[PDB]
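A.B. asks: Handing you a structure now.
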Amino acid sequence: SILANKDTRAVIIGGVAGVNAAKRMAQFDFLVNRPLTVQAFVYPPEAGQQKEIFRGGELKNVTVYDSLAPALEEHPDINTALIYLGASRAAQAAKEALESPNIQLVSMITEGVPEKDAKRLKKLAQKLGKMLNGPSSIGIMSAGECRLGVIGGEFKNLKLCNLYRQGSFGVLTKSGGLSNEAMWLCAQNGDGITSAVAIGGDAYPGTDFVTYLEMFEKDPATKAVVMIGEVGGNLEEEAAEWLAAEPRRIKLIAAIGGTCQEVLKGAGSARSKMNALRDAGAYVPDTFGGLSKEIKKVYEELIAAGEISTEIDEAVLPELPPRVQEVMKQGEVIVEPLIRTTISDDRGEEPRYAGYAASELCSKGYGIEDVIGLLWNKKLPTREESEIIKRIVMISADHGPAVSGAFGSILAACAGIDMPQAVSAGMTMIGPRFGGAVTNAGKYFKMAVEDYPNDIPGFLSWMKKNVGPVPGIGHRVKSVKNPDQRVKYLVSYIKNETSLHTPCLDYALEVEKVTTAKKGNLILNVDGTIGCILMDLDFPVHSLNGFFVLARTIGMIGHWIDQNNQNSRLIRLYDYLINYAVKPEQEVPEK
Amino acid sequence: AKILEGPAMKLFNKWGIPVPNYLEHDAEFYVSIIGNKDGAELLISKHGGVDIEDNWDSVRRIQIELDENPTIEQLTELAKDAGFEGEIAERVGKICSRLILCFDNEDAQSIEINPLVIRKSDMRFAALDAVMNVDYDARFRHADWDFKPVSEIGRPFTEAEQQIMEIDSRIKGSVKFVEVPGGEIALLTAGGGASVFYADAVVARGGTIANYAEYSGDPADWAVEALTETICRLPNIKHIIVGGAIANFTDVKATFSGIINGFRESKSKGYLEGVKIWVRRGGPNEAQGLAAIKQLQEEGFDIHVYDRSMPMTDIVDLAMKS
């Protein structure tokens, strides 16, 4: 290996592109069973946040820093920087990294970095005696040791190219896509790679081919180098000069793109580079196809010369853990659900309420009352049940602004709170004293019918001793002298417009004759009326308060809209309305 | 990035380089500054115009180290080595300092002035021919660049050519297209490096390429769809090379979905009739990508898809045979 090894610890300077490179590096980190290469991210927009990076199945949280100084302060360990920023910011980030005494290697993936900037960064790296790779470099890959960047592609490719262990071939390309093709060619025709370096396709790369060939010459593991160049500049001619200069240990295999000498002197022509390299003693094929044959030639040559051992890949390789949903689909894992729903399914093109498509209900002429029955009873209501649900909801919709629920919504409307939150405050008021005695009225009147059929005084005594005031009986303003036409209407509708037998309602109406004889305001109220009607229709007990909660939401939204339309100011209750029965004022004693 | 004579002189004018109004002269000089890995090289000669072609040993060159620009003194003594003397050497040295200021400050790659003429009577200089190549990537830091680059060394950018460059600077990926006059083999290859090796493969065995085209850096489906369509339109089309190496990050399932639609829309227009499509690809989601492109044989195309086991440029051999 040459630049990246098991001692390489990186800082990624960049955003989402940087995070995707880190995720790929973590996949390699898992395959070669090493700790995470990425130690930190430097990205001011997301400073302070943490990125979730999976090392196989294990989640690693990597911190995002505002600048490089705090990153290195928290991770002195870091010796490499990868620049994933755009052209306008990359050169400055690369300068900062090169000037950091911890950082020895800076690699840039950035495309469109001004040549003037790349030239300046190359000279800075030379002064400081540091390595600069790129710009426009996909990465550095050291088989079995380290991956810097996205170089090497998907996990299946790391396995196909045998990137989990050192081979005998080094790879040097200008092109990113071709470093992956060369790695494959070394695995397919040789024993794989030691290190693969994409130097970048820019006019002025940070480090040229000779700089890397010198490093490969000193790496005992590297026995040959596959160099893939292109027409333009002179990086390949200097490499031929390097090779010719002295007897070198490493063999050089080279392919030069750009033999398109038909399309519009040429000192940096493909054919001149091929001749220069061929003359210097490099293995140069006529086409890219011949490169596989040159690798097989060198490989068979190094085994013959006893430099390579024919030790077959007898290694048990880790496999990436699948996502929980994949394993579930195959039924290979048990996932206990967090919740169970029985009333609606949203997974299709539209919701199904108790098995029925929502739009199909609209088309066939059903109403809101029918959707209430489906979602709360899991049964489509009868025309009779439907007509009763419709009247209960309409009759209970609103009862002015003085009531707790409506007043709670008005208070929150005036405090400048949004409708869903304002209405939720009003809905919190629905309980034992205001509108929420529907369920208990139903329960206790059903129990009265069963346990005290001809004994209202017994029922009342039992209630006084065990529950307190009777749910469904009593009102603050309505009385025998001021009747509630809402209850008279519902009772009259059930008695005169249906042939229903309502034993709970009948009992409740009899207790009202006894209670109103005690105090005139002890009338059967809307809670008791709805409670009894719904118990007699055999609606689930749990659903009973639903009718008031839903109906009164119409009123509560109404009040919220009204207060907003009026542009009402914040309510602060008038002083003359409060009885301050407070403690006498006193000095606080010293501790 | 070559720029036209018009915008080039606007930049020359900005830095005080003498330019004709856009004249009768006595002599023609040669002045050029060409960037290198260490900065730039300035080339001066007393024998400009058509006369420079033969008098190349008359050229005096000094290497300007990056951000270590020479003094008006150093340039005037270089002028004297070129054959200049007195005021001619003085004003020429001054032109060079203004040329270096323009090179360094306008993110130039190369500036070539031939001829730089002198009207001796009033010491009126004028840059008659201006060949400027700037680094257009650096456009973001040059708000005064009210111009677009022209073809480096080739004919003017065509109809379909301009449209590929327009859609390129809309997405984070890359899409490039160059029309080769005539040619049978229409390349639709992934990555610049692989594209060049596919073109070389065609030329090497004797074949004729219909174009040059590349798509890299995970381009969005439509960008690849737009490049596919363009390549299908090409004259004398009988072979389409849908090549590429093994992608490092380009989703082949995503790009192939774009290629599939660019193929369907082209064959419906009556283009891909008797045209054999050759697919060879690797990279992220290659299994899904290569399987979905194989499916275009079930209804339509004479497609021959291969995986990584097929050497990269060996589909060129198969295409050129049958």
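Chain identifiers are assigned as A, B, and so on, following the order in which chains appear in the structure tokens; residues are numbered from 1 within each chain, and ligands are numbered from 1 in order of appearance.
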For chain B, list the residues within 6 Å of chain A, counting only C-alpha atoms, and write the list as a PyMOL selection string.

C.D. replies: chain B and resi 137-138+154+193+196-197+200+245-249+284+313

A.B. asks: Identify all residues of stretch 247-480 of chain A in helix (DSSP H, G or I) (DSSP on the backbone) and supply them as a ChimeraX atom specification.

C.D. replies: /A:270-280,288-304,324-329,358-363,368-377,383-396,404-414,419-427,438-451,456-466

A.B. asks: Quick one: pick out all strand (DSSP E) residues within stretch 33-219 of chain B from a backbone DSSP run and write them as a PyMOL selection string.

C.D. replies: chain B and resi 33-36+39-45+60-65+108-119+124-127+130-134+174-179+185-187+189-190+211-216

A.B. asks: List as a list in words the protein and nucleic acid residues near residue A:404, meaning an atom at most 10 Å away when only C-alpha atoms are counted, but skip any in the same chain fewer than 4 places from it.

C.D. replies: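 Listed by chain and then number, they are residues 408, 409, 410, 425, 426, 427, 428, 429, 430, 433, 434 and 435 of chain A.
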
A.B. asks: Keeping N, CA, C and O atoms for every residue in the selection just given, could you write it to a file as a PDB file, in the first residue's frame?

C.D. replies:
```
ATOM      1  N   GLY A 408     -62.422  28.087  26.444  1.00  0.00           N
ATOM      2  CA  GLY A 408     -61.032  27.656  26.310  1.00  0.00           C
ATOM      3  C   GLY A 408     -60.494  27.965  24.917  1.00  0.00           C
ATOM      4  O   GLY A 408     -59.411  28.521  24.794  1.00  0.00           O
ATOM      5  N   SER A 409     -61.262  27.651  23.843  1.00  0.00           N
ATOM      6  CA  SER A 409     -60.913  27.976  22.442  1.00  0.00           C
ATOM      7  C   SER A 409     -60.831  29.470  22.226  1.00  0.00           C
ATOM      8  O   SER A 409     -59.942  29.892  21.501  1.00  0.00           O
ATOM      9  N   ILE A 410     -61.792  30.268  22.795  1.00  0.00           N
ATOM     10  CA  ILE A 410     -61.816  31.719  22.671  1.00  0.00           C
ATOM     11  C   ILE A 410     -60.557  32.324  23.344  1.00  0.00           C
ATOM     12  O   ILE A 410     -59.901  33.177  22.751  1.00  0.00           O
ATOM     13  N   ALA A 425     -57.053  22.928  23.445  1.00  0.00           N
ATOM     14  CA  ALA A 425     -57.239  23.497  24.784  1.00  0.00           C
ATOM     15  C   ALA A 425     -58.723  23.463  25.245  1.00  0.00           C
ATOM     16  O   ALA A 425     -58.996  23.119  26.404  1.00  0.00           O
ATOM     17  N   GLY A 426     -59.654  23.783  24.333  1.00  0.00           N
ATOM     18  CA  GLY A 426     -61.088  23.723  24.578  1.00  0.00           C
ATOM     19  C   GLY A 426     -61.537  22.296  24.767  1.00  0.00           C
ATOM     20  O   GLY A 426     -62.332  22.002  25.667  1.00  0.00           O
ATOM     21  N   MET A 427     -61.009  21.389  23.944  1.00  0.00           N
ATOM     22  CA  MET A 427     -61.367  19.974  24.027  1.00  0.00           C
ATOM     23  C   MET A 427     -60.889  19.320  25.331  1.00  0.00           C
ATOM     24  O   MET A 427     -61.504  18.380  25.805  1.00  0.00           O
ATOM     25  N   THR A 428     -59.826  19.838  25.935  1.00  0.00           N
ATOM     26  CA  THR A 428     -59.325  19.368  27.207  1.00  0.00           C
ATOM     27  C   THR A 428     -60.345  19.589  28.327  1.00  0.00           C
ATOM     28  O   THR A 428     -60.307  18.886  29.300  1.00  0.00           O
ATOM     29  N   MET A 429     -61.236  20.552  28.193  1.00  0.00           N
ATOM     30  CA  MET A 429     -62.277  20.882  29.161  1.00  0.00           C
ATOM     31  C   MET A 429     -63.384  19.841  29.219  1.00  0.00           C
ATOM     32  O   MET A 429     -64.089  19.781  30.224  1.00  0.00           O
ATOM     33  N   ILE A 430     -63.581  19.058  28.130  1.00  0.00           N
ATOM     34  CA  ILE A 430     -64.606  18.009  28.050  1.00  0.00           C
ATOM     35  C   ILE A 430     -64.255  16.888  29.021  1.00  0.00           C
ATOM     36  O   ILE A 430     -63.216  16.238  28.930  1.00  0.00           O
ATOM     37  N   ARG A 433     -67.714  17.148  34.252  1.00  0.00           N
ATOM     38  CA  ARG A 433     -68.599  18.279  34.474  1.00  0.00           C
ATOM     39  C   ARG A 433     -69.066  18.949  33.223  1.00  0.00           C
ATOM     40  O   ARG A 433     -70.107  19.575  33.246  1.00  0.00           O
ATOM     41  N   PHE A 434     -68.316  18.873  32.126  1.00  0.00           N
ATOM     42  CA  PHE A 434     -68.744  19.511  30.889  1.00  0.00           C
ATOM     43  C   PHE A 434     -68.700  18.547  29.689  1.00  0.00           C
ATOM     44  O   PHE A 434     -67.633  18.135  29.268  1.00  0.00           O
ATOM     45  N   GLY A 435     -69.865  18.183  29.174  1.00  0.00           N
ATOM     46  CA  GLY A 435     -69.994  17.348  27.992  1.00  0.00           C
ATOM     47  C   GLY A 435     -69.447  15.926  27.978  1.00  0.00           C
ATOM     48  O   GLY A 435     -69.764  15.161  27.061  1.00  0.00           O
TER      49      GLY A 435
END
```

A.B. asks: Which distance in Å separates atom CA of residue A:48 and atom CA of residue A:63, to one decimal?

C.D. replies: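 If I compute the distance from atom CA of residue A:48 to atom CA of residue A:63, I get 6.8 Å.
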
A.B. asks: Could you give me, as a list in words, the residues within 8 Å of residue B:28, counting only C-alpha atoms and dropping anything in the same chain fewer than 5 positions from it?

C.D. replies: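 In the requested format, the answer is residues 46, 47, 48, 49, 114, 115, 116, 117 and 118 of chain B.
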
A.B. asks: Please provide as a PyMOL selection string all residues within 9 Å of residue B:240, with the sequence filter that same-chain residues fewer than 4 positions apart are discarded (counting only C-alpha atoms).

C.D. replies: chain B and resi 184-188+231-232+275-279+319
